[PDB]
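See structure below.
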Amino acid sequence: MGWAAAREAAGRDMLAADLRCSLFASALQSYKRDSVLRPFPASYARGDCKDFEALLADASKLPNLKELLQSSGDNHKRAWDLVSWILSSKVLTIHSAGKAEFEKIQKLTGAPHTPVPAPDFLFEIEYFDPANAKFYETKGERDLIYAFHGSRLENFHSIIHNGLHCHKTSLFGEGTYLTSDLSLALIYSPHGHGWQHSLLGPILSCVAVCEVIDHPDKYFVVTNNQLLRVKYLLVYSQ
Ligand SMILES: NC(=O)c1cccc(N)c1
């Protein structure tokens, strides 16, 4: 939450820090920013009134993270307040994974079935307690299944903080679409605009790898949000 703690977080894992900045930039740029940029930095809201022009303005003046970490403020207070906000969570963290990691995800999802591309970047999501212990409690003796969910890039800031995919709900039969076949997930992950100063590249596509408690529920739909969580992000840079 502080400048000193963000500097440390960004330092450990640049790519994870950059992914968060990129997903923020994607949600903020979107014409759907009001709906997709949730959570929204409180410092840019009077009441329920979101200062999007002030936000777009400060986000566009952000240097890349190597440049930010070489500055240490103090005239760059706005940049650090925003980046420190982007990098904050008491619920979870994002970590960089290798590419021998894709082999692990392909093992958990089985034989690729359809030929598909390897992600350019891989990220693992760590959940904190109570939620992480609660998840395994709900799991019990049941085994964990791994399936994919693709989405437009402007939706992953929200997916990573609120999960898939929240329930005003209003309609019946609502739930998350999953598939063991990444090729099917990928057609729902088109390239979207990221961040111009990203180490990942400015145009990205992102697929979620979901950890599902095996319960009675080619693709399938999970109606109970308590029995799944996002565990990995597969990032492709155009
Ligand atoms: N959004 C998705 O990644 C997905 C996966 C399986 C089936 C469908 N309709 C969608």
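Going through the structure tokens in order, the chains are called A, B, and so on, while each chain numbers its residues from 1 and the ligands are numbered from 1 in the order shown.
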Query raised in the report: What lies within 12 Å of residue 226 of chain A using only C-alpha atoms, ignoring chain neighbours under 4 positions off, as a ChimeraX atom specification?
Result: /A:131-132,134-139,163-166,175-176,211-215,222,230
Same residues, N, CA and C atoms, output as a PDB file, in the first residue's frame:
ATOM      1  N   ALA A 131      -9.917 -17.357   2.723  1.00  0.00           N
ATOM      2  CA  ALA A 131     -10.327 -17.882   1.416  1.00  0.00           C
ATOM      3  C   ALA A 131      -9.533 -19.117   0.928  1.00  0.00           C
ATOM      4  N   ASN A 132      -8.194 -19.152   1.077  1.00  0.00           N
ATOM      5  CA  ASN A 132      -7.420 -20.315   0.605  1.00  0.00           C
ATOM      6  C   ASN A 132      -7.706 -21.577   1.436  1.00  0.00           C
ATOM      7  N   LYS A 134     -10.449 -21.997   3.248  1.00  0.00           N
ATOM      8  CA  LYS A 134     -11.878 -22.230   3.049  1.00  0.00           C
ATOM      9  C   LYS A 134     -12.089 -23.044   1.801  1.00  0.00           C
ATOM     10  N   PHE A 135     -11.358 -22.702   0.736  1.00  0.00           N
ATOM     11  CA  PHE A 135     -11.443 -23.395  -0.542  1.00  0.00           C
ATOM     12  C   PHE A 135     -11.116 -24.888  -0.355  1.00  0.00           C
ATOM     13  N   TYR A 136      -9.981 -25.222   0.325  1.00  0.00           N
ATOM     14  CA  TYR A 136      -9.544 -26.608   0.542  1.00  0.00           C
ATOM     15  C   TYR A 136     -10.468 -27.347   1.508  1.00  0.00           C
ATOM     16  N   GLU A 137     -11.170 -26.597   2.378  1.00  0.00           N
ATOM     17  CA  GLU A 137     -12.128 -27.176   3.321  1.00  0.00           C
ATOM     18  C   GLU A 137     -13.346 -27.665   2.525  1.00  0.00           C
ATOM     19  N   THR A 138     -13.830 -26.812   1.596  1.00  0.00           N
ATOM     20  CA  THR A 138     -14.935 -27.070   0.682  1.00  0.00           C
ATOM     21  C   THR A 138     -14.539 -28.227  -0.247  1.00  0.00           C
ATOM     22  N   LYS A 139     -13.248 -28.304  -0.626  1.00  0.00           N
ATOM     23  CA  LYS A 139     -12.697 -29.359  -1.478  1.00  0.00           C
ATOM     24  C   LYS A 139     -12.850 -30.722  -0.795  1.00  0.00           C
ATOM     25  N   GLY A 163     -13.161 -12.206  -9.166  1.00  0.00           N
ATOM     26  CA  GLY A 163     -13.396 -13.524  -9.732  1.00  0.00           C
ATOM     27  C   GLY A 163     -14.402 -13.511 -10.866  1.00  0.00           C
ATOM     28  N   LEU A 164     -14.717 -14.716 -11.334  1.00  0.00           N
ATOM     29  CA  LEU A 164     -15.651 -14.989 -12.402  1.00  0.00           C
ATOM     30  C   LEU A 164     -17.041 -15.207 -11.837  1.00  0.00           C
ATOM     31  N   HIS A 165     -18.039 -14.431 -12.265  1.00  0.00           N
ATOM     32  CA  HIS A 165     -17.946 -13.225 -13.096  1.00  0.00           C
ATOM     33  C   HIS A 165     -18.940 -12.237 -12.469  1.00  0.00           C
ATOM     34  N   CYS A 166     -19.252 -12.522 -11.166  1.00  0.00           N
ATOM     35  CA  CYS A 166     -20.097 -11.818 -10.195  1.00  0.00           C
ATOM     36  C   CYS A 166     -21.594 -11.930 -10.516  1.00  0.00           C
ATOM     37  N   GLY A 175     -23.655 -18.741 -14.823  1.00  0.00           N
ATOM     38  CA  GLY A 175     -22.517 -19.566 -14.417  1.00  0.00           C
ATOM     39  C   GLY A 175     -21.326 -19.397 -15.343  1.00  0.00           C
ATOM     40  N   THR A 176     -20.169 -19.973 -14.979  1.00  0.00           N
ATOM     41  CA  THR A 176     -18.917 -19.826 -15.733  1.00  0.00           C
ATOM     42  C   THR A 176     -18.699 -20.958 -16.745  1.00  0.00           C
ATOM     43  N   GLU A 211      -9.165 -23.694 -11.301  1.00  0.00           N
ATOM     44  CA  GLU A 211      -9.088 -24.822 -10.394  1.00  0.00           C
ATOM     45  C   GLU A 211     -10.541 -25.083  -9.926  1.00  0.00           C
ATOM     46  N   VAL A 212     -11.071 -26.282 -10.208  1.00  0.00           N
ATOM     47  CA  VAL A 212     -12.469 -26.634  -9.921  1.00  0.00           C
ATOM     48  C   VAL A 212     -12.504 -27.855  -8.987  1.00  0.00           C
ATOM     49  N   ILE A 213     -13.264 -27.759  -7.883  1.00  0.00           N
ATOM     50  CA  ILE A 213     -13.508 -28.885  -6.977  1.00  0.00           C
ATOM     51  C   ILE A 213     -14.444 -29.818  -7.767  1.00  0.00           C
ATOM     52  N   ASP A 214     -14.072 -31.098  -7.932  1.00  0.00           N
ATOM     53  CA  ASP A 214     -14.887 -32.036  -8.706  1.00  0.00           C
ATOM     54  C   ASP A 214     -16.192 -32.344  -7.951  1.00  0.00           C
ATOM     55  N   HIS A 215     -17.271 -31.770  -8.468  1.00  0.00           N
ATOM     56  CA  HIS A 215     -18.649 -31.826  -7.984  1.00  0.00           C
ATOM     57  C   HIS A 215     -19.583 -32.161  -9.187  1.00  0.00           C
ATOM     58  N   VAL A 222     -20.155 -24.134 -14.463  1.00  0.00           N
ATOM     59  CA  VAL A 222     -20.126 -24.186 -13.003  1.00  0.00           C
ATOM     60  C   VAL A 222     -21.053 -23.100 -12.485  1.00  0.00           C
ATOM     61  N   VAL A 230      -9.635 -18.846 -10.107  1.00  0.00           N
ATOM     62  CA  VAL A 230      -8.611 -18.698 -11.126  1.00  0.00           C
ATOM     63  C   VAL A 230      -7.293 -19.043 -10.461  1.00  0.00           C
TER      64      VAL A 230
END
Taking a cut-off of 10 Å and counting only C-alpha atoms and all ligand atoms, can you build a table that, for each residue of chain A near ligand 1, reports the nearest atom pair and how far apart they are in Å (one decimal), sorted by chain then residue number, as a Markdown table?
| residue | atom | partner | partner_atom_place_in_ligand_line | distance |
| --- | --- | --- | --- | --- |
| A:147 | CA | ligand 1 | 5 (C) | 8.6 |
| A:148 | CA | ligand 1 | 3 (O) | 5.9 |
| A:149 | CA | ligand 1 | 3 (O) | 3.4 |
| A:150 | CA | ligand 1 | 3 (O) | 3.5 |
| A:151 | CA | ligand 1 | 1 (N) | 5.7 |
| A:152 | CA | ligand 1 | 1 (N) | 9.1 |
| A:176 | CA | ligand 1 | 1 (N) | 7.8 |
| A:177 | CA | ligand 1 | 4 (C) | 4.7 |
| A:178 | CA | ligand 1 | 5 (C) | 4.3 |
| A:179 | CA | ligand 1 | 6 (C) | 4.7 |
| A:180 | CA | ligand 1 | 6 (C) | 8.3 |
| A:181 | CA | ligand 1 | 6 (C) | 8.1 |
| A:182 | CA | ligand 1 | 3 (O) | 8.0 |
| A:183 | CA | ligand 1 | 3 (O) | 9.1 |
| A:184 | CA | ligand 1 | 5 (C) | 6.0 |
| A:185 | CA | ligand 1 | 3 (O) | 3.6 |
| A:186 | CA | ligand 1 | 3 (O) | 6.6 |
| A:187 | CA | ligand 1 | 3 (O) | 7.4 |
| A:188 | CA | ligand 1 | 1 (N) | 5.2 |
| A:189 | CA | ligand 1 | 3 (O) | 7.2 |
| A:207 | CA | ligand 1 | 3 (O) | 7.4 |
| A:208 | CA | ligand 1 | 3 (O) | 8.0 |
| A:209 | CA | ligand 1 | 3 (O) | 9.6 |
| A:218 | CA | ligand 1 | 6 (C) | 7.4 |
| A:219 | CA | ligand 1 | 6 (C) | 4.9 |
| A:220 | CA | ligand 1 | 6 (C) | 6.7 |
| A:221 | CA | ligand 1 | 7 (C) | 8.0 |
Mind writing the picked residues with C-alpha atoms as an mmCIF file, in the first residue's frame?
data_model
loop_
_atom_site.group_PDB
_atom_site.id
_atom_site.type_symbol
_atom_site.label_atom_id
_atom_site.label_comp_id
_atom_site.auth_asym_id
_atom_site.auth_seq_id
_atom_site.Cartn_x
_atom_site.Cartn_y
_atom_site.Cartn_z
ATOM 1 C CA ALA A 147 -10.243 -26.133 -17.102
ATOM 2 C CA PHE A 148 -9.932 -22.967 -19.215
ATOM 3 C CA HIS A 149 -11.929 -19.755 -19.554
ATOM 4 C CA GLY A 150 -11.071 -17.122 -22.176
ATOM 5 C CA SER A 151 -12.264 -13.506 -22.054
ATOM 6 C CA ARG A 152 -11.551 -10.054 -23.533
ATOM 7 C CA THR A 176 -18.917 -19.826 -15.733
ATOM 8 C CA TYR A 177 -18.008 -21.526 -19.048
ATOM 9 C CA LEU A 178 -15.065 -23.865 -18.930
ATOM 10 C CA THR A 179 -13.360 -26.389 -21.223
ATOM 11 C CA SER A 180 -10.408 -28.757 -20.959
ATOM 12 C CA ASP A 181 -9.483 -27.685 -24.552
ATOM 13 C CA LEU A 182 -7.467 -24.462 -24.630
ATOM 14 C CA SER A 183 -8.164 -24.098 -28.358
ATOM 15 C CA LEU A 184 -11.857 -23.549 -27.523
ATOM 16 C CA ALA A 185 -10.994 -21.103 -24.658
ATOM 17 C CA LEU A 186 -8.626 -19.108 -26.902
ATOM 18 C CA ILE A 187 -11.344 -18.142 -29.458
ATOM 19 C CA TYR A 188 -12.947 -16.174 -26.540
ATOM 20 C CA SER A 189 -9.558 -14.465 -25.707
ATOM 21 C CA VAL A 207 -6.768 -17.099 -20.829
ATOM 22 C CA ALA A 208 -7.630 -18.168 -17.300
ATOM 23 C CA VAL A 209 -6.809 -21.634 -15.947
ATOM 24 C CA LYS A 218 -16.349 -30.216 -25.312
ATOM 25 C CA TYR A 219 -17.089 -27.799 -22.379
ATOM 26 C CA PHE A 220 -18.995 -27.520 -19.023
ATOM 27 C CA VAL A 221 -20.649 -24.813 -16.777
#
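Between residue 11 of chain A and the residues A:68, A:23, A:37, A:57, the shortest atom-to-atom distance, using only C-alpha atoms, involves A:68.
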**Report entry** Counting only C-alpha atoms, the option among A:172, A:81, A:45, A:70 closest to residue 58 of chain A
**Finding:** A:81
**Report entry** All residues 8 Å or closer to residue 194 of chain A, only C-alpha atoms, same chain fewer than 2 positions away omitted, as a ChimeraX atom specification
**Finding:** /A:22-23,25-26,153,192,196,198,201-204
**Report entry** Atom pair atom CA of residue 190 of chain A / atom CA of residue 9 of chain A: separation (Å)
**Finding:** 29.2 Å
For residue 18 of chain A, work out the shell of residues within 10 Å, counting only C-alpha atoms and skipping chain neighbours fewer than 6 positions away, then give it as a short mmCIF file (atom, residue, chain, number, x, y, z; two decimals) with C-alpha atoms, in the first residue's frame.
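Final file, result.cif:
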data_model
loop_
_atom_site.label_atom_id
_atom_site.label_comp_id
_atom_site.auth_asym_id
_atom_site.auth_seq_id
_atom_site.Cartn_x
_atom_site.Cartn_y
_atom_site.Cartn_z
CA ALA A 10 7.67 -4.69 -8.28
CA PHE A 24 -5.45 -1.96 -15.26
CA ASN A 64 7.80 1.75 -17.55
CA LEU A 65 8.56 0.03 -14.18
CA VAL A 83 1.11 1.92 -9.01
CA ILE A 86 -2.59 -1.32 -8.54
CA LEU A 87 -0.09 -3.68 -6.77
CA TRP A 195 -0.02 -0.79 -21.74
CA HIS A 197 5.22 0.74 -21.58
CA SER A 198 4.70 -2.92 -20.77
CA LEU A 199 7.61 -5.46 -20.79
CA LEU A 200 4.94 -7.95 -21.98
CA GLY A 201 4.19 -5.93 -25.08
#
For residue 88 of chain A, work out the shell of residues within 10 Å, counting only C-alpha atoms and skipping chain neighbours fewer than 5 positions away, then give it as a PDB file with N, CA, C and O atoms, in the first residue's frame.
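Contents of result-v4.pdb, as written:
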ATOM      1  N   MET A   1       0.831  -1.194   0.000  1.00  0.00           N
ATOM      2  CA  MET A   1       0.000   0.000   0.000  1.00  0.00           C
ATOM      3  C   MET A   1       0.881   1.265   0.000  1.00  0.00           C
ATOM      4  O   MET A   1       0.503   2.272  -0.611  1.00  0.00           O
ATOM      5  N   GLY A   2       2.057   1.174   0.624  1.00  0.00           N
ATOM      6  CA  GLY A   2       3.052   2.241   0.665  1.00  0.00           C
ATOM      7  C   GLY A   2       3.992   2.190  -0.526  1.00  0.00           C
ATOM      8  O   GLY A   2       4.012   1.195  -1.259  1.00  0.00           O
ATOM      9  N   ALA A   5       6.836  -0.460  -0.078  1.00  0.00           N
ATOM     10  CA  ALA A   5       6.338  -1.828  -0.221  1.00  0.00           C
ATOM     11  C   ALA A   5       6.073  -2.197  -1.681  1.00  0.00           C
ATOM     12  O   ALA A   5       6.249  -3.354  -2.053  1.00  0.00           O
ATOM     13  N   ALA A   6       5.611  -1.228  -2.495  1.00  0.00           N
ATOM     14  CA  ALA A   6       5.352  -1.408  -3.918  1.00  0.00           C
ATOM     15  C   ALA A   6       6.683  -1.595  -4.642  1.00  0.00           C
ATOM     16  O   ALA A   6       6.809  -2.488  -5.466  1.00  0.00           O
ATOM     17  N   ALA A   9       7.661  -5.131  -4.012  1.00  0.00           N
ATOM     18  CA  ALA A   9       6.760  -6.041  -4.761  1.00  0.00           C
ATOM     19  C   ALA A   9       7.133  -6.075  -6.260  1.00  0.00           C
ATOM     20  O   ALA A   9       7.373  -7.153  -6.805  1.00  0.00           O
ATOM     21  N   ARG A  20      -0.244  -6.625 -13.879  1.00  0.00           N
ATOM     22  CA  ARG A  20      -1.272  -5.895 -13.133  1.00  0.00           C
ATOM     23  C   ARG A  20      -1.481  -4.492 -13.678  1.00  0.00           C
ATOM     24  O   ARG A  20      -2.630  -4.045 -13.765  1.00  0.00           O
ATOM     25  N   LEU A  82      -0.667   5.569  -7.579  1.00  0.00           N
ATOM     26  CA  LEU A  82      -1.453   4.728  -8.470  1.00  0.00           C
ATOM     27  C   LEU A  82      -0.870   3.329  -8.584  1.00  0.00           C
ATOM     28  O   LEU A  82      -1.607   2.364  -8.423  1.00  0.00           O
ATOM     29  N   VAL A  83       0.431   3.211  -8.888  1.00  0.00           N
ATOM     30  CA  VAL A  83       1.112   1.923  -9.008  1.00  0.00           C
ATOM     31  C   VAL A  83       1.021   1.177  -7.654  1.00  0.00           C
ATOM     32  O   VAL A  83       0.685  -0.012  -7.635  1.00  0.00           O
ATOM     33  N   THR A  93      -2.110 -12.668  -4.482  1.00  0.00           N
ATOM     34  CA  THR A  93      -0.959 -12.157  -5.241  1.00  0.00           C
ATOM     35  C   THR A  93      -0.786 -12.954  -6.548  1.00  0.00           C
ATOM     36  O   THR A  93      -1.294 -14.065  -6.660  1.00  0.00           O
TER      37      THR A  93
END
**Report entry** Spatial neighbours of residue 100 of chain A, max dist 12 Å, only C-alpha atoms, sep filter under 2 positions, as number ranges by chain
**Finding:** A: 97-98, 102-107, 118-119, 121-122
Query raised in the report: So how far away is atom CA of residue 32 of chain A from atom CA of residue 55 of chain A, in Å?
Result: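 Between these atoms lies a distance of 14.5 Å.
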Report task. Check the DSSP output for the backbone and give back, as a ChimeraX atom specification, the residues of segment 41-216 of chain A in alpha helix (DSSP H). Result -> /A:52-60,65-69,77-86,100-108,131-139,156-162,182-186
Since we have the selection now, will you write its residues out, keeping N, CA and C atoms, as a short mmCIF file (atom, residue, chain, number, x, y, z; two decimals), in the first residue's frame?
data_model
loop_
_atom_site.label_atom_id
_atom_site.label_comp_id
_atom_site.auth_asym_id
_atom_site.auth_seq_id
_atom_site.Cartn_x
_atom_site.Cartn_y
_atom_site.Cartn_z
N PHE A 52 -12.67 9.75 -14.40
CA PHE A 52 -11.99 8.99 -15.44
C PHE A 52 -10.96 9.82 -16.21
N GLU A 53 -11.27 11.09 -16.53
CA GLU A 53 -10.33 11.96 -17.24
C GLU A 53 -9.05 12.18 -16.41
N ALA A 54 -9.19 12.37 -15.08
CA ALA A 54 -8.02 12.51 -14.20
C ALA A 54 -7.22 11.21 -14.17
N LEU A 55 -7.90 10.04 -14.15
CA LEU A 55 -7.27 8.74 -14.11
C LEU A 55 -6.52 8.46 -15.41
N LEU A 56 -7.20 8.53 -16.59
CA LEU A 56 -6.60 8.39 -17.92
C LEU A 56 -5.37 9.28 -18.04
N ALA A 57 -5.48 10.54 -17.60
CA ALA A 57 -4.38 11.50 -17.58
C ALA A 57 -3.19 10.96 -16.75
N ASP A 58 -3.41 10.50 -15.50
CA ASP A 58 -2.27 10.05 -14.68
C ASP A 58 -1.69 8.73 -15.19
N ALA A 59 -2.53 7.78 -15.61
CA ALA A 59 -2.13 6.49 -16.16
C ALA A 59 -1.26 6.65 -17.42
N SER A 60 -1.58 7.64 -18.31
CA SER A 60 -0.82 7.95 -19.54
C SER A 60 0.56 8.54 -19.26
N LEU A 65 8.19 0.32 -15.57
CA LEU A 65 8.56 0.03 -14.18
C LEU A 65 10.07 0.10 -13.91
N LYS A 66 10.95 -0.12 -14.92
CA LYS A 66 12.41 0.03 -14.72
C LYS A 66 12.73 1.49 -14.45
N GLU A 67 12.07 2.40 -15.19
CA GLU A 67 12.20 3.85 -15.08
C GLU A 67 11.59 4.35 -13.77
N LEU A 68 10.46 3.77 -13.33
CA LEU A 68 9.79 4.17 -12.09
C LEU A 68 10.64 3.82 -10.87
N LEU A 69 11.24 2.61 -10.88
CA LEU A 69 12.08 2.11 -9.80
C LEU A 69 13.42 2.83 -9.72
N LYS A 77 4.96 11.50 -7.35
CA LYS A 77 4.05 11.09 -6.28
C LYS A 77 2.77 10.45 -6.85
N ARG A 78 2.16 11.05 -7.90
CA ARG A 78 0.93 10.56 -8.51
C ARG A 78 1.11 9.17 -9.11
N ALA A 79 2.25 8.95 -9.79
CA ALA A 79 2.59 7.68 -10.42
C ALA A 79 2.71 6.56 -9.37
N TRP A 80 3.44 6.84 -8.27
CA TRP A 80 3.68 5.92 -7.17
C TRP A 80 2.42 5.62 -6.37
N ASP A 81 1.52 6.61 -6.18
CA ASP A 81 0.26 6.41 -5.46
C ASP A 81 -0.63 5.44 -6.24
N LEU A 82 -0.67 5.57 -7.58
CA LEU A 82 -1.45 4.73 -8.47
C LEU A 82 -0.87 3.33 -8.58
N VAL A 83 0.43 3.21 -8.89
CA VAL A 83 1.11 1.92 -9.01
C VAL A 83 1.02 1.18 -7.65
N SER A 84 1.23 1.89 -6.52
CA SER A 84 1.12 1.28 -5.19
C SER A 84 -0.32 0.76 -4.98
N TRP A 85 -1.32 1.46 -5.53
CA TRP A 85 -2.71 1.02 -5.46
C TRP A 85 -2.92 -0.24 -6.34
N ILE A 86 -2.44 -0.22 -7.59
CA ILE A 86 -2.59 -1.32 -8.54
C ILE A 86 -2.03 -2.64 -7.94
N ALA A 100 8.21 -24.50 -18.34
CA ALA A 100 8.12 -25.90 -17.94
C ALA A 100 6.84 -26.01 -17.10
N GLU A 101 6.25 -24.82 -16.81
CA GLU A 101 5.01 -24.62 -16.09
C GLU A 101 3.84 -24.87 -17.02
N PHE A 102 3.96 -24.46 -18.30
CA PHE A 102 2.95 -24.75 -19.29
C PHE A 102 2.79 -26.27 -19.44
N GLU A 103 3.92 -27.02 -19.35
CA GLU A 103 3.95 -28.50 -19.38
C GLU A 103 3.10 -29.07 -18.23
N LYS A 104 3.19 -28.45 -17.04
CA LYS A 104 2.42 -28.82 -15.87
C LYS A 104 0.93 -28.58 -16.11
N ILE A 105 0.53 -27.39 -16.62
CA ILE A 105 -0.87 -27.03 -16.93
C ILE A 105 -1.42 -27.99 -18.01
N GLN A 106 -0.62 -28.30 -19.03
CA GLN A 106 -0.98 -29.25 -20.09
C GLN A 106 -1.11 -30.68 -19.54
N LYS A 107 -0.43 -30.99 -18.44
CA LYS A 107 -0.52 -32.30 -17.79
C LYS A 107 -1.88 -32.37 -17.06
N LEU A 108 -2.22 -31.30 -16.28
CA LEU A 108 -3.45 -31.13 -15.48
C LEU A 108 -4.73 -31.06 -16.32
N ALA A 131 -9.92 -17.36 2.72
CA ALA A 131 -10.33 -17.88 1.42
C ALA A 131 -9.53 -19.12 0.93
N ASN A 132 -8.19 -19.15 1.08
CA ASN A 132 -7.42 -20.32 0.60
C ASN A 132 -7.71 -21.58 1.44
N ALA A 133 -7.79 -21.44 2.77
CA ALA A 133 -8.10 -22.56 3.66
C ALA A 133 -9.55 -22.98 3.48
N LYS A 134 -10.45 -22.00 3.25
CA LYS A 134 -11.88 -22.23 3.05
C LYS A 134 -12.09 -23.04 1.80
N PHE A 135 -11.36 -22.70 0.74
CA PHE A 135 -11.44 -23.39 -0.54
C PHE A 135 -11.12 -24.89 -0.36
N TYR A 136 -9.98 -25.22 0.32
CA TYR A 136 -9.54 -26.61 0.54
C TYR A 136 -10.47 -27.35 1.51
N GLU A 137 -11.17 -26.60 2.38
CA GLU A 137 -12.13 -27.18 3.32
C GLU A 137 -13.35 -27.67 2.53
N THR A 138 -13.83 -26.81 1.60
CA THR A 138 -14.94 -27.07 0.68
C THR A 138 -14.54 -28.23 -0.25
N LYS A 139 -13.25 -28.30 -0.63
CA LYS A 139 -12.70 -29.36 -1.48
C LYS A 139 -12.85 -30.72 -0.80
N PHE A 156 -9.90 -8.89 -17.20
CA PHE A 156 -9.07 -9.62 -16.27
C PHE A 156 -8.68 -8.87 -14.99
N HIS A 157 -8.68 -7.52 -14.97
CA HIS A 157 -8.45 -6.73 -13.76
C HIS A 157 -9.52 -7.11 -12.73
N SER A 158 -10.77 -7.09 -13.17
CA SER A 158 -11.93 -7.50 -12.39
C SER A 158 -11.88 -9.01 -12.04
N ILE A 159 -11.55 -9.88 -13.01
CA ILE A 159 -11.52 -11.34 -12.81
C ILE A 159 -10.55 -11.68 -11.67
N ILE A 160 -9.39 -11.03 -11.68
CA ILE A 160 -8.30 -11.21 -10.73
C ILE A 160 -8.67 -10.67 -9.35
N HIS A 161 -9.60 -9.72 -9.21
CA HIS A 161 -9.94 -9.15 -7.90
C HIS A 161 -11.27 -9.61 -7.32
N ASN A 162 -12.25 -9.85 -8.20
CA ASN A 162 -13.62 -10.21 -7.88
C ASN A 162 -13.98 -11.62 -8.30
N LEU A 182 -7.97 -25.81 -24.53
CA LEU A 182 -7.47 -24.46 -24.63
C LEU A 182 -7.81 -23.84 -25.97
N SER A 183 -7.85 -24.64 -27.04
CA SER A 183 -8.16 -24.10 -28.36
C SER A 183 -9.56 -23.47 -28.41
N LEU A 184 -10.49 -24.03 -27.63
CA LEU A 184 -11.86 -23.55 -27.52
C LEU A 184 -11.87 -22.29 -26.65
N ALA A 185 -11.11 -22.28 -25.54
CA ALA A 185 -10.99 -21.10 -24.66
C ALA A 185 -10.45 -19.91 -25.43
N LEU A 186 -9.34 -20.13 -26.16
CA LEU A 186 -8.63 -19.11 -26.90
C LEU A 186 -9.49 -18.29 -27.87
#
**Report entry** Between atom CA of residue 205 of chain A and atom CA of residue 237 of chain A, distance in Å (one decimal)
**Finding:**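 Interatomic distance here is 6.6 Å.
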Query raised in the report: Can you list every residue in segment 193-237 of chain A that DSSP puts in strand (DSSP E or B), as a VMD selection string?
Result: chain A and resid 193 203 to 213 220 to 222 228 to 237
Requested in this report: Go through A:228, A:125, A:111, A:62 one by one, measure the shortest atom-to-atom distance of each to residue 144 of chain A using only C-alpha atoms, and give the residue with the smallest value.
Outcome: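 Between A:228, A:125, A:111, A:62, the residue approaching residue 144 of chain A most closely is A:228.
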